[PDB]
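There is one chain below, alone, in structure tokens, taken in the form deposited without its partner chain.
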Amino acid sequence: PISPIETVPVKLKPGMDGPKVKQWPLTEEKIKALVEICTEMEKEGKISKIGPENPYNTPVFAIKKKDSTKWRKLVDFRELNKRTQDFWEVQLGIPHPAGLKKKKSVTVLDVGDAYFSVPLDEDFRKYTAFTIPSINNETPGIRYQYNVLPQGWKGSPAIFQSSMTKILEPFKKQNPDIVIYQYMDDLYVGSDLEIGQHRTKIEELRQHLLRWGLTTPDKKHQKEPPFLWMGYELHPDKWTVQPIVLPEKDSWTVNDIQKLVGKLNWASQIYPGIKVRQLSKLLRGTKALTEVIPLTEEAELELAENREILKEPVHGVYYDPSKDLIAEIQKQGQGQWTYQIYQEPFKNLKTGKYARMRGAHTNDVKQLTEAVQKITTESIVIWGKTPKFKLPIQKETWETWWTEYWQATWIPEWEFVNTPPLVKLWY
């Protein structure tokens, strides 16, 4: 209501001006949802209609909340974040707890509604302007700016931090074992307890917040036998990187070894020091492909050796907090996607795989959206920052359907690749 609070002065990173990003075309269904959501926001004083003397713009979208109960507005502040928070990464930064990754269980709670109660500095509102679009350009577009801290803007958590640390104290005392990290609109809660004890301290936490004002959405796998695992529980234990296999055979054909000399010639870029000296000689003749030719002992000595140089990682582990994390994904087989996170080529800080096979939701774009949201969540946990993805997909297809399976409140930076990878079958 009328809860007056001095506002924290927010300023853009000198040189830079407010954002002016184009609003993607939305479906009528999503437009209707936006105008309904937005009209409530306006009665509650959260947003205000603006005039033409405001030239700025930031994209808006509509995504469905858990279980598809009802719609949720998702503001794409990537550009604004880059123009601000980069220096609200310095002035009001939030330290990243290096033990959160070691926890046995991590729950993610949506604490975004908190923000809507802290008023935003008046000279900054102007920059949060957004346009709910019009079908077929028949009407101008409804235009609003924010009066309170918005949800996907990195300055909101930077400013609410004070209120957070305070509200959480009583609980961090009663629970010194539990690690709590805030990222944008989510709280990441980790412990080493048993999945039954943990899930218990989490709703303990939910009530502590509620006891003090903040809210948080409820589960479905406890009272109403909801066929779903919607409340995020991750376990950074099972996290491992060993997709680099070598074919273990008894009957070696010319074809076989050729491929092996190949995979090994690529692997050679990651791990300097493994060579095919002896294998690249048993292939010196021009023999039929399908002609068994069981390795000379010298080869078996090189193959055996290599089978190992792999499991023993490189120096690599040099996470430069001054650089960006890049994530590449490759459509593997059927319902399987591999990925690598790095900062310099061939020096992987991490590799993985994802899979939920094409049957129930046998869609490509739906899988890709899922793998992008998992790889990101992981990165928030390990490094406290999101990566820039290199998505193997056509731009327009992706811009058309990403927001149809998106369930997260943040959006990572991305770009598209058009050239096939020869980094495909090698893991």
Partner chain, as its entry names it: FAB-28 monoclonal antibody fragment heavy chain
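Residue numbers count along the first chain shown, from 1. Definition used throughout: the rigid core is the maximal C-alpha set that superposes within 1.5 Å between two forms.
Omitted from view is the form deposited with its partner chain bound, to which the following refers.
Figure note: of the listed segments 168-176, 85-93, 70-78, 220-228, the one touching its partner chain in the entry with it bound, with heavy atoms no more than 4.5 Å away, is 220-228. Between the options 199, 350, 125, 206, the residue in contact with its partner chain in the entry with it bound by a heavy atom within 4.5 angstroms is 199. Lining up the core between the shown form and the other one shows that one residue from 175, 107, 253, 338 moves its Cα 2 Å or more, and that residue is 253. A movement of the C-alpha atom of residue 237 falling short of 2 angstroms is seen between the shown form and the other one when the two forms are aligned on their rigid core. Residue 300: CA moves 2 Å or more between the shown form and the other one after rigid-core fitting. Relative to the superposed core, residue 216 undergoes a Cα shift of 2 Å or more between the shown form and the other one. The pair residue 199 and residue 225 is at least 3 angstroms farther apart at the CA level in the entry with it bound than in the present model. The distance between the CA atoms of residue 374 and residue 230 is at least 3 Å longer in the entry with it bound than in the form shown here.
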